[PDB]
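S.K.: what shape does this take:
(8 chains)
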Amino acid sequence: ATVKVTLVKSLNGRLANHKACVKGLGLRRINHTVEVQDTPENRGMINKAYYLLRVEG
Amino acid sequence: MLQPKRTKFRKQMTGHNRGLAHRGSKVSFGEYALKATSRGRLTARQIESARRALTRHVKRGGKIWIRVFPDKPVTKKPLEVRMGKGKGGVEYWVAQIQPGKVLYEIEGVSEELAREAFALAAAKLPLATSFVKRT
Amino acid sequence: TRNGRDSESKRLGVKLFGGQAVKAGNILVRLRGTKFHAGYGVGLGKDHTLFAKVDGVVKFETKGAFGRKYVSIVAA
Amino acid sequence: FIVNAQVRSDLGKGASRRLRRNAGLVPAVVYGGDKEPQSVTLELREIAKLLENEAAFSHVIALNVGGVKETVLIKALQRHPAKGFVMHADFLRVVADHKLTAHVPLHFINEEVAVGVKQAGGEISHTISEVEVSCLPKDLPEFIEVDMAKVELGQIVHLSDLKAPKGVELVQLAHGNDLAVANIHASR
RNA sequence: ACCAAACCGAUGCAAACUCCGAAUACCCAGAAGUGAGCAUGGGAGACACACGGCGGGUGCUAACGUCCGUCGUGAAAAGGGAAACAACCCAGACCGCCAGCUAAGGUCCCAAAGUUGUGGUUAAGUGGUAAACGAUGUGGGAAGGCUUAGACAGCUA
RNA sequence: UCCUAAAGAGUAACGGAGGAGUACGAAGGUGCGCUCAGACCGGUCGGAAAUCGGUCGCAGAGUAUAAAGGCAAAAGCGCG
RNA sequence: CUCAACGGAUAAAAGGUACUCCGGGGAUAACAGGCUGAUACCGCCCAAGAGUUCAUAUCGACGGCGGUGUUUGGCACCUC
RNA sequence: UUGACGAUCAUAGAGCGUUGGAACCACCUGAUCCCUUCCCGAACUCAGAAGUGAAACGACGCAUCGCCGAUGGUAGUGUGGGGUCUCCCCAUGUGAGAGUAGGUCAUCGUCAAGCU
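M.R.: Numbers count the residues shown, from 1 in each chain, chains lettered A, B, ... in the order given. Take a look at the structure below.
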């Protein structure tokens, strides 16, 4: 199935690598919630940027 | 004092003083020892102040071992000299201590004679040392 | 008494790693005297520069007595 | 000599350090001849009584893992170098027939009156201790008595001189060597 | 009574010492999803850098010292926090509103919001600057040592 | 050429250490052969150490020239 | 071909100025400030000893931990 | 029963001990004749067995040296945050080296040739 994510930190003082992990998921700004198809590659990007995110189910 | 006879090089980097001491922390020869519980570096004149303190509070017998040996030369530019013309000359020699390392060992004495003898040698060293036994 | 004077850093290395595809003149390893020996389909030029002769995939295998490093190119 | 243990189904660096500050436990393993190695938690308040004991290193200890009972001999102690306290224990199952290897304390029992000490101005310098053993687990050597009361100012004592009782070998004579044990010499 | 190779055993240490040996970073291949590579032309500006974090040289492991490697912020970024405080935390301003929920930081009075609930601790105004070192300050946790056969103190020879 | 240099390349300092401004007509090609230093014991005037014989070796030698990386198809040694 | 000042200004090049002059600079020095304390100056810890005996009435070798910014410095942030 | 050519490079090595002939193999006899020695039939080569398994070589045994080597713990380290901040700690991913229990007197392939 799917899983919804929530961007809860900013993107501005971050690395060049975590700032592309979040853009690869499709998050644009804070409190923007998308649906990803939960594959081994989408939830690989979540493990890098776990602290910017809120995986609420 | 204590220093090498001939050295393959003349000067050396600074480096760092990291980690604990896993080898060097076990008493091997004596039955009592003075191990060091704070990191620092000893400058090879402190060793002869601490050695000549233990050897006159015994007066009778005992055997003394000195576990640590300074081999690291340390430089110092002379006064009234601007910076950046080379590297200064070697003034003295340094050993590098890290917590757990055993400094002195003693055997053939009483424990309460020796406990109040390492009190004298600890007041000459810039480290916080402790008293340990042989197991 | 005074000592600056370094040299200018020849750019040695190992190109063309474990699964690459090659041609016939590729170089695969500069070298400094036989870290890697001439395997199956490679050249070993003048100053011990390896090079390819046929086409395929690099291997980097350890073989034989003396345990020497053989760079061979496999037609795969 | 008795301890009692638990199972410890949490392995790592993180879970192993939380044992020591939260609960006060000490990790351990039990590995032996017949079975698999099994990990174990013990307390730091208990092992403290056994490590304070004298001959407890070269002696058999009964371990209560669950209600599981096993005769266990201890051959390792990893110990914290800075402060000084016990870290994981690493001991051994005891089979009724597989040889064994441990270390044994010495005592130097009679050195009050030695001919090197009373006649000439004497000193006795114990070089070695903790000599090993190679025995059969049925009959244990707790210690070995050495007597340097006897002959000389100016003789060293080898490993060949002192005797291992009831048919126990010494590994250092099994290798081609014979270490010196104790000296008698003049003081400075 | 000299010393002292060499050899056996225990024992330490190297940027210019290695029987070994990671994490990361690099390359090339595979795919899913989300959102801008190469080549040829026109026009430039720059080539005095600053601090901070993590690895280092030099220095006295001194300087908001100085030369490098890498990420971030100033430069070229306002707003809120640190009493005032480019570069440290938070967050990136298209414009209007006498609308609502939040981040770091906070809730006695200057000063917007708890004189909130619970369990202990410190009496020094510690909080609200600091070193070897010293001491019947106190709270907790395992220890032992001796003791109604009379211990320790005390007054009794 | 090594170190600083952070296990790809690269990378500074009036930062630590050293070397070149050439030799060779065989010191090149090729075929054929062959192994070091040292240890030790025996041996005429050497004698701690020359040549010879022997056992042990297991690259600790050698490489035209600095150091680094190498070398049993020996890249080391000899002859046509 | 050695400006070997090794990407090499010309075939062919030394010095003075307190008699000096123009254009610039706190990108850069001497005075005072500023950060820093190696050096200083004031202390304090162990106590070998001498002080006839007696380490602390007075001193205290061998060595360690600080404070003040007072002078010899380090750096070059302000002002040419 | 052996002999050749490989595969794999020590868990395959070294040491000790045992053991094999008339098929193989090795030593062996003589150099006249090929051919060889900076001297030498030593090595190289040729005509050849008798003789022998001594040496050598293969097999069969021993873990005495060597060599491999767990599990657990520990060092270090990527990202996020801490603190008393020349050094460490917390959450999370990763995880040696050394040592311990123990292992190892190899395993195969192609032909000629010995039950075969």
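
S.K.: C-alpha coordinates for stretch A:5-15, CSV please?
M.R.: In CSV, the C-alpha atoms belonging to stretch A:5-15 read as follows (Å, rounded to 0.1, in the frame of the first residue of the first chain):
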residue,chain,number,x,y,z
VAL,A,5,4.8,11.7,5.0
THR,A,6,4.9,15.3,6.4
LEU,A,7,7.7,17.8,6.1
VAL,A,8,8.2,19.3,9.5
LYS,A,9,11.6,21.0,9.2
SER,A,10,12.9,23.5,6.7
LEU,A,11,15.2,22.7,3.8
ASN,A,12,17.5,25.6,4.0
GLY,A,13,20.4,24.9,6.4
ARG,A,14,20.7,21.3,5.2
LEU,A,15,23.2,19.3,3.2
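
S.K.: for the chain, what spans make up the strands?
M.R.: Here I'm looking at chain A. A:2-6, A:33-37 (DSSP state E).

S.K.: my bad, the chain I had in mind was chain C
M.R.: Ranges of strands in chain C, per DSSP E, are C:37-38, C:57-58, C:61-63, C:68-71, C:73-74.

S.K.: so which of the ones you listed gets nearest residue A:8?
M.R.: Within the strands of chain C, the stretch nearest residue A:8 is strand C:57-58; the backing value is 46.5 Å (C-beta to C-beta). All C-beta spots, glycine's among them, are computed from the backbone N, C-alpha and C.

S.K.: distance to residue D:67 and mean neighbour count for the strands of chain A - can I get that in CSV?
M.R.: Shown next, in CSV, are these (distance: least, C-beta to C-beta, whole Å; neighbours: other C-beta atoms under 10 Å in any protein chain shown):
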stretch, distance to residue D:67, mean neighbour count
strand A:2-6, 45, 16
strand A:33-37, 50, 13
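
S.K.: a markdown table for these, including distance to residue C:11?
M.R.: As requested, the strands of chain A are exported to a markdown table (distance: least, C-beta to C-beta, whole Å):
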| stretch | distance to residue C:11 |
| --- | --- |
| strand A:2-6 | 45 |
| strand A:33-37 | 44 |
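
S.K.: for residue D:84, which of those is the nearest?
M.R.: strand A:2-6 (49.1 Å).

S.K.: nearest the middle, which residue of chain A would you pick?
M.R.: The centroid of chain A falls nearest to residue A:22 when counting by C-alpha atoms, centre = their mean (4.4 Å).

S.K.: correct me if wrong: it contacts residue A:6.
M.R.: No: between residue A:22 and residue A:6 there is no contact under C-beta atoms under 8 Å: 11.3 Å.

S.K.: now list whatever residues contact both of the two.
M.R.: Common neighbours of residue A:22 and residue A:6, counting by C-beta atoms under 8 Å, 6 or more residues apart in numbering or on different chains, are residue A:53.

S.K.: just to revisit the earlier point, most tightly packed of the strands of chain C?
M.R.: strand C:57-58 (a mean of 20; mean count of other C-beta atoms under 10 Å in any protein chain shown).

S.K.: is RNA strand E contacted by that one?
M.R.: No: using C-beta under 7 Å from any atom of the strand, strand C:57-58 stays clear of RNA strand E, coming no nearer than 9.1 Å.

S.K.: between the strands of chain C, which gets nearest to residue D:12?
M.R.: That would be strand C:61-63 among these, by C-beta to C-beta, at 33.8 Å.

S.K.: helices and strands around that closest one, which ones?
M.R.: Here strand C:61-63 touches strand C:68-71, going by 3 or more C-beta pairs under 8 Å, 6 or more residues apart in numbering or on different chains; DSSP states H and E.

S.K.: name the strands paired with the strand it packs on and say parallel or antiparallel.
M.R.: Strand C:68-71 has the following strand partners under DSSP bridges: strand C:37-38 (parallel), strand C:61-63 (antiparallel).

S.K.: in the chain, which spans are helices?
M.R.: No chain in the question, so chain A it is. For chain A, the helices defined by DSSP state H cover A:18-25, A:42-48.

S.K.: wait, chain D was what I had in mind.
M.R.: Applying DSSP H to chain D gives helices spanning D:14-18, D:47-52, D:115-118, D:171-174.

S.K.: mind putting the ones you listed in a markdown table, distance to RNA strand F included?
M.R.: Output for those, formatted as a markdown table (distance: least, C-beta to the nearest atom of the strand, whole Å):
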| stretch | distance to RNA strand F |
| --- | --- |
| helix D:14-18 | 22 |
| helix D:47-52 | 37 |
| helix D:115-118 | 37 |
| helix D:171-174 | 23 |
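
S.K.: what's the distance between the residue of chain C found nearest chain B and RNA strand G?
M.R.: Nearest residue of chain C to chain B: residue C:2, at 8.4 Å (C-beta to the nearest C-beta). Distance, residue C:2 to RNA strand G, using C-beta to the nearest atom of the strand, to the nearest Å: 14 Å.

S.K.: can you give me the helices in chain B?
M.R.: Under DSSP H, chain B gives helices at B:46-58, B:111-115, B:118-122.

S.K.: mind giving me the packing neighbours of the last one?
M.R.: If contacts are counted by 3+ C-beta pairs under 8 Å, 6+ apart, helix B:118-122 sits against strand B:32-36, helix B:46-58, strand B:102-107, strand B:129-133.

S.K.: who are the packing partners of the last one?
M.R.: It stands for strand B:129-133. Applying 3+ C-beta pairs under 8 Å, 6+ apart, one finds that strand B:129-133 contacts strand B:32-36, helix B:118-122.

S.K.: tell me which of those lies nearest to residue A:26.
M.R.: Short answer: strand B:32-36, nearest of the helices and strands packed on strand B:129-133 by C-beta to C-beta, at 57.6 Å.

S.K.: list the buried residues for the closest one?
M.R.: B:32, B:33, B:34, B:35, B:36 (16 or more other C-beta atoms under 10 Å in any protein chain shown).

S.K.: same question for stretch D:23-31.
M.R.: Residues of stretch D:23-31 classed as buried by neighbour count (16+ other C-beta under 10 Å): D:25, D:26, D:27, D:28, D:30.

S.K.: pop out the phi and psi values for the residue nearest the centre of chain C.
M.R.: In chain C, the C-alpha nearest the mean C-alpha coordinate belongs to residue C:29, at 2.9 Å (C-alpha atoms, centre = their mean). Main-chain dihedrals, residue C:29, degrees, to the nearest 10: phi -170, psi 130.

S.K.: state the distance from the residue lying closest to it once chain neighbours are set aside to residue D:174.
M.R.: Excluding its sequence neighbours, the residue lying closest to residue C:29 (C-beta to C-beta, 6 or more residues apart in numbering or on different chains) is residue C:50, at 4.4 Å. Distance, residue C:50 to residue D:174, by C-beta to C-beta, to the nearest Å: 52 Å.

S.K.: if you count what's nearby, which of those two comes out ahead?
M.R.: More crowded of residue C:50 and residue D:174, by other C-beta atoms under 10 Å in any protein chain shown: residue C:50, with 24 against 9.
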